[PDB]
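One structure below.
Taken together, the values in this text are just the output of simple stated rules run on the coordinates, not laboratory data. Cβ sites come from the backbone with ideal geometry, for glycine too, and all protein chains shown count toward neighbours.
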Amino acid sequence: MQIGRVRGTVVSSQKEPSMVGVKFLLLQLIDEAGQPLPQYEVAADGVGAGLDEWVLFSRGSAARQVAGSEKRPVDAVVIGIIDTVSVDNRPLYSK
Amino acid sequence: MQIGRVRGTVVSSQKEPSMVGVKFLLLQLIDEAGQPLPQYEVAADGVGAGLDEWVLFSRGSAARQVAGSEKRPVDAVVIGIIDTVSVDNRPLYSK
Amino acid sequence: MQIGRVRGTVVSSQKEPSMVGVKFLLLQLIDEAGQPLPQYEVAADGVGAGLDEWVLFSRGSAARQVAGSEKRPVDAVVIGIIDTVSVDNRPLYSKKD
Amino acid sequence: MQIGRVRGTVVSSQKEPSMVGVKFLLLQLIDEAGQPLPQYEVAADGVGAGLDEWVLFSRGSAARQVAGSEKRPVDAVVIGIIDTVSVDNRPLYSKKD
Amino acid sequence: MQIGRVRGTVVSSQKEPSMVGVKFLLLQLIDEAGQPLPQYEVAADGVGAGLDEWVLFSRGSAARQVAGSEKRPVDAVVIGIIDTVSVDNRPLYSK
């Protein structure tokens, strides 16, 4: 999994029918030190993360494991909103 | 998923027979700021995307989840044509 | 698999229900020369790895193979704490040291 | 999928028995401008591609989807020999040239 | 698949029980002339590769296709020891 910051949304009307009703969040990757990286991922979000929240996300077939997604062509998923990250027994991030 | 721009087409006549009927789009990767990247992906397209359109695409076994591709050796798929990308409540891209 | 060093933990209370009970470790990538890299991975850990320990971790659907995780949306898993790494029949890493 | 150029073959006699019969091609990655990259992949070839031909290839479990490969430990597969690549409706690559 | 040079072994005693009995080889990624690349992989080896030998290895769920590993959390596997790499119909590596 990687840590991402919610930066926005992607909307698509003409799409594979299996993807109807799925919310797409634009996530900015965060590095080991809590700072933005230029990389991004667009991920399905069934949890409900808002702008600027940190999330844990997974890539690959992991994205199909959430209820309803077993046969969706989805390769990235938000699995949780992050409350805390600690590094070397000190807080890096606290929501 | 990542964002790509449709830049062209790949044609193959001598190929695995399980790949017959798949249209191959050449996608140019788009970065966090809506800027073209030197990276590309060739993806199966069952949505019907044309030149210069922005698309959301998935990689890996996600590509086999679309009806008719369950046992094709495909590892990238166009899942939707993008209408809008919003960042921090402002438009980055609008079709 | 890759080698990672345990640098910390990630906690999430609002998450996919399948993920309840899973401990998340922040891993720093270690290279083939035993040096840390500016890359990280957050992995599920059911083996009890502690801070500063080196671990072997797997990515992708490998993460779902451990009993309990078959239908979890996890893509990285700690599979063991490393005791030794040898290169060219010589010690590179020894936990006991 | 990515585009690769066929550079040669890899031969292995001592190998997992499930891999018997599989031809291994060394592929050099091609970039967005049709130029060779330092990166490579070794792919199973059931299509029959020759030296310097451009191919499309897939990675991951995609490689297991062709007849005979369902339970093979293969993670890269040649899926087609490329005849043409177009960009902006104009040729970038034509096999005939 | 890619080409690795066997450089060492990794030993782990505190581990997932499914993984007991698996030999872990430290592989240095190399190109076809044997030049080191800045990547490595720790791979399951059921073939029996020794130090400095060249091997073909696979990543991902491919590693679970070997008998005995169907339900192991393994994501890299040695599939064979390399005898020759021919380029432009000329031998570049010979064992």
Self-check item: Criterion (at the interface with chain A (Cβ under 10 Å from one of its Cβ atoms), part of a loop (DSSP other than H, G, I, E, B) and under 24 Å from residue A:62 (Cα atoms)) met by exactly one of B:66, B:77
Solution: B:66
Quiz item: Among E:5, E:59, E:90, which is the only one that is more than 27 Å from residue C:75 (Cβ to Cβ), of a type in the set (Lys, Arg) and under 10 Å from the mean Cα position of the chain (by Cα)?
Solution: E:5
Exercise. Could you list, in sequence order, all residues of the stretch C:40-81 that are more than 11 Å from chain E (Cβ to nearest Cβ), within 24 Å of residue D:60 (Cα to Cα) and under 13 Å from the mean Cα position of the chain (by Cα)?
Key: C:40, C:41, C:42
Quiz item: So which of C:90, C:72, C:64, C:59 ends up being under 27 Å from residue E:7 (Cα atoms), among the basic types (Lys, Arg) and crowded, with 20+ Cβ neighbours inside 10 Å?
Solution: C:59
Quiz item: For the stretch B:8-23, what are the residues that are among the hydrophobic types (A, V, I, L, M, F, W, C) and within 7 Å of chain D (Cβ to nearest Cβ)?
Solution: B:10, B:11, B:19
Quiz item: Out of the stretch E:61-94, which residues are without any contact (Cβ under 8 Å) to a residue 12 or more places away in the chain and surrounded by fewer than 17 Cβ atoms within 10 Å (Cβ to Cβ)?
Solution: E:67, E:70, E:84, E:88, E:89, E:90, E:91, E:94
Quiz item: Considering A:85, A:47, which residue is within 12 Å of residue C:16 (Cβ to Cβ) and either over 15 Å from the mean Cα position of the chain (by Cα) or facing another protein chain (nearest Cβ under 7 Å) (or both)?
Solution: A:47
Practice problem: Output the residues belonging to the stretch B:8-32 that are part of a strand (DSSP E or B) and more than 10 Å from the chain's Cα centre (by Cα). | Solution: B:8, B:9, B:10, B:11, B:14, B:15, B:30
Quiz item: Within the stretch A:33-49, how many residues are within 22 Å of residue A:86 (Cα to Cα) and surrounded by fewer than 22 Cβ atoms within 10 Å (Cβ to Cβ)?
Solution: 5
Quiz item: Would the stretch E:23-46 turn up any residue that is within 20 Å of residue C:4 (Cα to Cα) and hydroxyl-bearing (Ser, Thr, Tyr)?
Solution: yes
Quiz item: Taking the stated definitions as given, is residue D:29 buried (at least 18 other Cβ atoms within 10 Å of the Cβ) and of a type outside the set (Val, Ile, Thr)?
Solution: no
Exercise. Considering (1) over 15 Å from the mean Cα position of the chain (by Cα); (2) farther than 30 Å from residue C:69 by Cβ, say which one residue E:68 fails and leave the rest.
Key: (2)
Quiz prompt | Flag if residue B:58 is on the phi < 0 side of the Ramachandran plot, hydroxyl-bearing (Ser, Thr, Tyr), within 7 Å of another protein chain (Cβ to nearest Cβ) and crowded, with 24+ Cβ neighbours inside 10 Å | solution = yes
Practice problem: State the number of residues belonging to the stretch B:17-32 that are surrounded by fewer than 23 Cβ atoms within 10 Å (Cβ to Cβ), more than 24 Å from residue A:28 (Cα to Cα) and not aliphatic (A, V, I, L, M). | Solution: 4
Exercise. Evaluate the stretch E:7-17: report whether one residue or more is hydrophobic (A, V, I, L, M, F, W, C) and under 30 Å from residue B:62 (Cβ atoms).
Key: no
Exercise. Considering each residue of the stretch C:5-46, count those that are among the charged types (D, E, K, R) and under 20 Å from residue E:73 (Cα atoms), and give that number.
Key: 4
Practice problem: Having 1 or more residues that are free of Cβ contacts under 8 Å to residues at least 12 places away in the same chain is the bar; report the strands (runs of 3 or more DSSP E) wholly within chain C that clear it. | Solution: C:36-45, C:76-87, C:90-94
Exercise. State the number of residues belonging to the stretch D:49-79 that are within 14 Å of residue B:13 (Cβ to Cβ) and touching a helix residue (DSSP H, G or I) at 6+ places or on another chain (Cβ under 6 Å).
Key: 1
